[PDB]
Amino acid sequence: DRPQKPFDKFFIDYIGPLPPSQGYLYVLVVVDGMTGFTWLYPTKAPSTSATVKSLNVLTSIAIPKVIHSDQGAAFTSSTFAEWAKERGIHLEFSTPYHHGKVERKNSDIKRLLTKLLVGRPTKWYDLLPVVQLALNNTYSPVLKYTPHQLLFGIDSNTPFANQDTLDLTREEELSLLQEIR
């Protein structure tokens, strides 16, 4: 059986609703399986349309052999099925309601997002670029390499050499418990 490769499998999911930012509410999350390289796309809704629109951008850079997702409506619609078939992409769903490199990455994203939207729940749209750079230049303990390094075969010009706290501070836990009020 052949070794795992970038473009072999893309893992997609939605995160949100979030607080409105430039009129956007969700984030389509794409993680390459082999490299853990992440791509993020702001959307107005978790719909087939917003998904197709966002993936068209990504799939004009690189096309995955397989897309993996949960059984979200957006992803199980017959529109989205057609879209994938047109591009020779195989669709793959995890069973309803039911650990790995990908799974950990999605955790980081949720956590990293939550950290930066404190005091500024509205400015997340502008931070998406840096969120991704951070995520993609984050050292992986399993492999000795960042997603950048594995995707491009080189060091990057933005090494995030500070392995950041990623934890909520005392002022921010009190800020998050006051944000919901």
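In this text, residue numbers run from 1 along the sequence as written.
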Missing from the model but present in the deposited sequence, between residue 98 and residue 99 = 1 to 3
If you average the CA temperature factors over each stretch, which comes out higher, 165-173 or 7-15?
-> 165-173
Name the higher of the two by mean Cα B-factor in the PDB entry, 121-129 versus 145-153.
-> 121-129
Top Cα B factor in the deposited entry, candidates 65, 68, 115, 53 = 115
Looking at the C-alpha B-factor of residue 139, is it in the lowest, middle or highest third of its chain?
-> highest
